[PDB]
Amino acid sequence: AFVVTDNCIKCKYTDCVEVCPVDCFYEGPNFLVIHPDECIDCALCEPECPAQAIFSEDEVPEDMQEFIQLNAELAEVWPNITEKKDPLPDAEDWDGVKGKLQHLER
């Protein structure tokens, strides 16, 4: 599975969903997650993310390991998103800011 990590929080560009063949992205107020059992590891989404927040599971940075299980848990409770929508209104201000997990909304 591929995993969405910190820098998606408060950006949520949603470019990643247009390339996913199996539609395994789930939507939260201000972040997206990949459902691990549905992802077929095609790697097509990782180049699409403007925030470069998507990583192959095996390449998730050492200080971002919690996102692995967080993607799994939140994918069981958030709704499925299959279409690109507009970025969060001030996505570019937050793109690049570190430690955004403290701002995650359920």
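One-based numbering along the sequence shown.
Enquirer: Hey, which bit's got the bigger mean C-alpha B factor in the entry, 28-36 or 42-50?
Expert: Between 28-36 and 42-50, it is 42-50.
Enquirer: If you average the CA temperature factors over each stretch, which comes out higher, 13-21 or 81-89?
Expert: Taking the mean C-alpha B-factor of 13-21 and of 81-89, the larger value falls to 81-89.
Enquirer: How does the C-alpha B factor of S56 compare with the rest of the chain: lowest, middle or highest third?
Expert: Middle third, going by the recorded CA B-factors of the chain.
Enquirer: What third of its chain, lowest, middle or highest, does the C-alpha temperature factor of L74 fall into?
Expert: Within its chain, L74 is a middle-third residue by C-alpha B-factor, going by the deposited values.
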